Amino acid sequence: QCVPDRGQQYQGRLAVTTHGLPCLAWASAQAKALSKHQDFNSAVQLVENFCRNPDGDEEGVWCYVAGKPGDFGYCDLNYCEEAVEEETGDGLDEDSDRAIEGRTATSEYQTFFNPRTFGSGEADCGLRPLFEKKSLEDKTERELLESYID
C-alpha cells in the first residue's frame, strides 16, 4: 500500500516524473555519465528506466530526465508516515573510505586523496603561513574557539 524506507526497497514499474517527464534509461549513456562520480547503494537495482532511490535521497525515488546536471525528477510514490528526524549532529552515511579500511598507523586525522596529481596541498592545508605557521592569532578567531567551550 505505502512504500517505506524512502522507497529504497521499491521494485515497481513507475517510469515518469511528477512533472510528467519520461525517465531516461539507467543504462543509457547520458544517464551513466551522470552516475559516473556518484555514490550508489548496491541493494538498489537500477532496472530499465524505473524510479529508484540509489543514493538514499531523503525525498525518495527519482530518475534522470535528460543529460545535463540537474536534469532529474522525483516520482510520485505514496510513502509512509515514518516519524523520525535528523538534527545538527545526527545524520551519518559512509563518507571518505572505500571498504572499511582501519589501517592508518603513522597519522591521526586520516587525510584522504592520494599523492600524484590529486595535486599537492594536503599535509599542510588549513594552516595559514601568516598565522598558524608564524604562531600568530588573527583578530577574531578567539570568538570561534570560545563558541565551542561555552
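Numbers for residues come from their place in the sequence shown, where the first is 1.
Of the two stretches examined, 51-59 and 110-118, the record assigns the greater average C-alpha temperature factor to 51-59.
Looking at mean Cα B-factors across 20-28 and 138-146, the upper value is held by 20-28. Take 96, 88, 104, 45 and read off each C-alpha B-factor from the entry; 45 has the highest. The entry lists a Cα temperature factor for residue 84 that places it in the lowest third of the chain's modelled residues.
For residue 123, the recorded CA temperature factor ranks within the highest third of the chain's modelled residues.
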